[PDB]
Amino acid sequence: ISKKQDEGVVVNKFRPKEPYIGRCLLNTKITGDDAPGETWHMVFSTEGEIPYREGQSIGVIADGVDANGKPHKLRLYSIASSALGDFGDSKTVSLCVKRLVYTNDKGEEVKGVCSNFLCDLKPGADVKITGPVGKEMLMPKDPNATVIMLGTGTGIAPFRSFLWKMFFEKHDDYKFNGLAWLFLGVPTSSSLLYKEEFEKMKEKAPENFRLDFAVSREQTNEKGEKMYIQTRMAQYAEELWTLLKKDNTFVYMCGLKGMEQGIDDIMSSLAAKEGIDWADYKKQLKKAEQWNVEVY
């Protein structure tokens, strides 16, 4: 249950009326040109003014007006940097933004206003920021907890955040000796966000970090089925169910809305064999702070 690291957690220090105005320090495409879409990694200056914590989001207000002549509402984006930031100086915030450009199939092509606003940012530009937002995805207090992270696409953001503190940073007050298991689902290799970082974490802490990739369009299971996050989880169902019934096991899930049912499908088959209903069981896990979901 380790009731998350919520001690002194600040929520909405900046609101839409008077947001923080940060500056884009860097903006780089991190997907290969052949990927089904582009995701960019960006760093904003905060001057230390945004007291965020791992697992939180910040709101961004795009420039311009909507079709009604009214300023754009804020869209939330999960912070991909740890509290210390990519520069390790506590003065920046980083985002992992997927450019939304869709025609669905054919017809009128429309671009998501805020995501496109973000991905086109140039170093030196100002950006209206609000927050921090969120308490659901805060890390567990227990440094020996079993943390299972299930993410898709940009859902990797808060988990990169967790792992920097866990394996790239040194905190006297936080020395993680538990099990961190990351499951990331993407369509192509060119879409494996921060792969190089995660493999570097694997070298450093081989006994504490377990990394499993699921590339749907390049991997299949024995039966010839595409490797979606849940089909990868399925090859560890036995272990995941065992771990799932321990008091210091927390599962975090972040990414696209679709991913949830797929995971529910797998969990149900496992729960049924052991003679318990997954809906009831999941309810209890949520209540015990051990099943935390942030899907959009």
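Residue indices: 1-based, along the sequence shown.
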item	value
Average Cα temperature factor in the PDB entry - higher stretch of 94 to 102, 158 to 166	94 to 102
Selected stretch [higher average CA B-factor]: 241 to 249 or 24 to 32	241 to 249
Options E197, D142, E225, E108 - largest CA temperature factor per the record	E108
Residue with highest C-alpha B-factor in the PDB entry, from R210, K128, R217, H171	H171
Third of the chain's Cα B-factor distribution that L193 belongs to, per the entry	middle
Relative C-alpha B-factor of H41, binned into the chain's lowest, middle or highest third	lowest
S269 CA temperature factor, ranked by third within the chain	highest
Ranked against its chain, the third holding the CA B-factor of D66	middle
Chain-relative CA temperature factor third for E203	highest
